[PDB]
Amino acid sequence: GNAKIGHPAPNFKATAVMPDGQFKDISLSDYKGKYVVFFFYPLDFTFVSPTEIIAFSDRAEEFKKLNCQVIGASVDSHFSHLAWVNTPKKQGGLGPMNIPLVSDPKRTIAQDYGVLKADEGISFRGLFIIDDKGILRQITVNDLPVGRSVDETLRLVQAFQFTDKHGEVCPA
């Protein structure tokens, strides 16, 4: 792929299901000026991914206080994403979302980020931290069965922002 630490994160333009439940075409570059956590999950209607997606959505306000946009993505269609959102939470659905979910049906976004599992056409569990100038700061890739931690992601986002700011702090 083309995701390199210290280089601009690969842009994308893709259809996402938005928190209001409608579809919108969004780009990574829409979020310049804010940190971005961009994470891939393999497929909709699976059993590890919902724990992660719901945790990032549930805790979205902790990312907003860090001026950080969270974006999820999978190769499944945006229609499939919405179907999972609309499945009742008590029956296994995602329920209402506080984060957008991108659809990568051509697999080009997962390829650009180096996380496509080529022999199956789905993404590994890749997570990327992109700073407010668009520069990639952190790469995380898990094999399919093992989920990610919102606590760890918050730790990293905050730590990068602190080290970003150290040199402009008042010298008193």
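Numbering starts at 1 and follows the sequence shown. Think of the rigid core as the biggest set of C-alphas that the two forms share within 1.5 Å after superposition.
Engineer: Please work out whether 82-90 or 96-104 has the higher root mean square C-alpha deviation in 6 other deposited structures of this protein relative to the shown form, with the rigid core as fitting region?
Structural biologist: Taking the RMS over all superposed structures in 6 other deposited structures of this protein, 82-90 lies farther out.
Engineer: Test of understanding: from the entry's C-alpha B-factors, which stretch has the higher mean, 28-36 or 50-58?
Structural biologist: Comparing 28-36 with 50-58, the higher mean C-alpha B-factor belongs to 28-36.
Engineer: So, looking at the entry's B-factor column for Cα atoms, which has the higher mean, 160-168 or 10-18?
Structural biologist: Between 160-168 and 10-18, it is 160-168.
Engineer: Among 137, 125, 64, 107, which carries the highest Cα B-factor?
Structural biologist: If I rank 137, 125, 64, 107 by C-alpha B-factor, first place goes to 64.
Engineer: Out of 141, 70, 130, 118, which residue has the highest Cα temperature factor in the PDB record?
Structural biologist: Highest CA B-factor of the listed options: 118.
Engineer: Is residue 92 in the lowest, middle or highest third of its chain when residues are ranked by C-alpha B-factor?
Structural biologist: It falls in the middle third of the chain.
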